[PDB]
Every structure is written in structure tokens, then in C-alpha cells.
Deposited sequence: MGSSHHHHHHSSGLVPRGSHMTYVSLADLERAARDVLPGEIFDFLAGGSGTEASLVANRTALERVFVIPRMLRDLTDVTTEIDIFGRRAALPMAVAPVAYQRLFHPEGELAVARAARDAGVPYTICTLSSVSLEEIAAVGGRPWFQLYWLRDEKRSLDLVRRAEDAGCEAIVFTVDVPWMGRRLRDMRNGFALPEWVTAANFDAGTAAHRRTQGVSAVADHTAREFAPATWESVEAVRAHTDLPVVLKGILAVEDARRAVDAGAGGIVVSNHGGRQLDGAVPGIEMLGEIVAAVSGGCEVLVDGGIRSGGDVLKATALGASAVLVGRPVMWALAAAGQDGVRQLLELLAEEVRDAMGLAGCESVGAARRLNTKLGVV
């Protein structure tokens, strides 16, 4: 009977082994980027509009050819059986039932075909493999299984240095595997190789520089995710939310611009929208819900977010997510 996302963090902390909670919670380095994701959202204040017609508030959007129930998708988080035995299938089922896109990870602990069979028109997150042809096989598999977008993670030439995991000597338990298997630095040529191999929208995840956003458009990306990988890659990378406004201006409608990092309420969703985001991704909260109560947990989380998004939108005078994008903001202190 949770009333905010923080309820679920506590519940997940109680049930998960410490080293697993740390694998989930932690960031790279001193966790400066992890913390900055939160600080950056806290400093954003919305300027609500009043006395608008709210006789049909809708939180729906159209993205990558599909209607979604909220301007939100479940972020790609690897190895979800770490958190609950049903892992990715529990999350995907809840996401489907909520009308929220679910991003299947290259490092999923259940095969992408089994996750896609859940239904819910899922997305597929790609990590570039040591060989172009194995990469492109994942893409084709995803597409053949009915995934509707390829989320190419471009901020992971290699994994960041996570000191929690080093101090814990954390390693996958033997009962969790990379189920899509029986990694190399991506480049712009890799992007092109993917774009040529699929007619699905290619979404580049982990863009923070304005000219990288621009180049993503030029490269034929259908979207980008403005993201510092939840503070888990470069420690000291700017939060996506701090780059988002500038990026949205630069691409000037040329692709969808998503953001992630630290989204913890419908109000946060509203802030991201007001800064110009098409949609957000949510990572850690979904895994807290999964750890706490499995599929039911994720369903309750998504219902809570949905209600908070609708509440925030209406209180801000927005009948639609488009209207929310036209809200103005003001930076405040603490």
C-alpha cells in the first residue's frame, strides 16, 4: 500500500542481500554523478498554469509508432533475476499491463524471445559486441521477436568502476546468467551498421553533449536518451537533466529526446517534460518494486507513478503531455 517510491526502496533494502542492493544502488567513483542526478531535479521548479480546461486530462503519448499510457518506459537494467526469481518476466508483464514500454537488456537473465512473448510491444537495448555480425544478430533477433525500437547504449565502451562492487567483491551468483548468449567500444560507424540493418527506430542512449545529439539526428536516430547511465559510467559526468533543455533546442524536433536518472515521482516526470523531454526512463525504482513484491510490486509502482503523473499534470494546468512540454521552469536553491 505504497504512497511514494521511497516506501519501495526500504522494502527492497530489507529483502535483498546487501551486496545485491549495492550492485543496484551504487554508482561509479565517489558517486558524484549518482547524487547529482537527484540534486539536479530538486533544483528545478515548475511554473504551473491555472484555469485551463482539464475535462479530458490524458497522460498518453505516441512514441516510436506506438501509443504509451504514460511518458515513461522501464529503463534497461541488466540481470533482473538478481532481484526476484521471475526477473524480467515479472517486470515485462506489469509494464505490458500498465501500457508502459519495457526495455529488454542485452544482458537480460531471461532470453529476449521469452520476454517479448509476454507481449506489450517491448524495446531492445543493444550493447555492441566484439564482432559487428554478432551485434547485428542480436538486432535481428530482437526485431524478429517483435521489439519495436533498438536502444543502442553508446556510453559504455566498457563498464564504469563501481567501488561498492569492488569493496564487496561482488559477482553474479551462478544461478543468474546472460540468457541471450550460449564487448567492444561502439562508434558512429556501429550506429550506421545498426541503422542499415533494421527499419526499427534506433535510439541512442547515453548522449550528453549537444553536438552528439545533433550528430545522432544527422545519423538517422529516431531518438536519444539523455543520460549518464544512472551515475554508473563516468563519475563526474553531468546529469542528463542539466543538458536536456539545450539538447532539445539543438535537435529542434529532429528526434525524440528522452531523459533518465533520478526520476522518483510523477512530479519529476513533469519536470523532465517541462524541460522538453518526450518521455523518461525509470530504472532503480522498478527494481525496488520487483525485489519488494515481484510482478505485483511493479504493478503497484506503475499505478502510483501513473496517478502522480496525472495529479502533477492537472495541478500544472496541462491536459496533455504536449502542454506539459510548454510549461516553463525556474531554477531554485536546495
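*Asks:* What's missing from the model if you number the deposited sequence from 1?
*Replies:* Absent from the structure are positions 1-21, 204-225.
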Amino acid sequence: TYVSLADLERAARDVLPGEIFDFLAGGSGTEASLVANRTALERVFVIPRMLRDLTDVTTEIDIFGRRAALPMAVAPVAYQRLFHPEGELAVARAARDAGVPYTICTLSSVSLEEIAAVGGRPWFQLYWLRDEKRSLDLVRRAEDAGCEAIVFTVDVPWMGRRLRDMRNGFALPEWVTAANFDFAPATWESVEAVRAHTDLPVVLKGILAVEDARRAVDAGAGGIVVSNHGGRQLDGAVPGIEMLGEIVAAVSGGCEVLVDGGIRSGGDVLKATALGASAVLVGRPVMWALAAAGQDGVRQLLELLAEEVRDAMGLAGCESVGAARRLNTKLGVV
From here on, numbers count along this sequence of modelled residues.
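*Asks:* Mean C-alpha B factor from the entry: is it higher for 275-283 or for 298-306?
*Replies:* Per the PDB entry, the higher value belongs to 298-306.
*Asks:* Can you tell me which stretch has the higher mean Cα B-factor, 235-243 or 162-170?
*Replies:* In the deposited entry, the stretch with the higher C-alpha B-factor mean is 162-170.
*Asks:* Sorting 84, 229, 264, 215 by Cα temperature factor from the record, which one lands on top?
*Replies:* Comparing C-alpha B-factors across 84, 229, 264, 215, the top value belongs to 84.
*Asks:* Checking the entry, which one of 131, 260, 211, 143 has the top C-alpha B factor?
*Replies:* Highest C-alpha B-factor among the listed residues goes to 131.
*Asks:* What third of its chain's C-alpha B-factors does residue 137 belong to: lowest, middle or highest?
*Replies:* Highest third - that is where residue 137 ends up once the chain's C-alpha B-factors are sorted.
*Asks:* Residue 101's Cα B-factor: lowest, middle or highest third of the chain?
*Replies:* Its C-alpha B-factor belongs to the lowest third of this chain's values.
*Asks:* Ranking every modelled residue in this chain by its Cα temperature factor as given in the entry, which third contains residue 80?
*Replies:* Its C-alpha B-factor, which the entry lists for residue 80, ranks in the middle third among residues of this chain.
*Asks:* Sorting the chain's CA B-factors, does residue 66 end up in the lowest, middle or highest third?
*Replies:* Top third by C-alpha B-factor.
*Asks:* Split the chain's modelled residues into thirds by Cα B-factor; is residue 60 in the lowest, middle or highest one?
*Replies:* Middle third - that is where residue 60 ends up once the chain's C-alpha B-factors are sorted.
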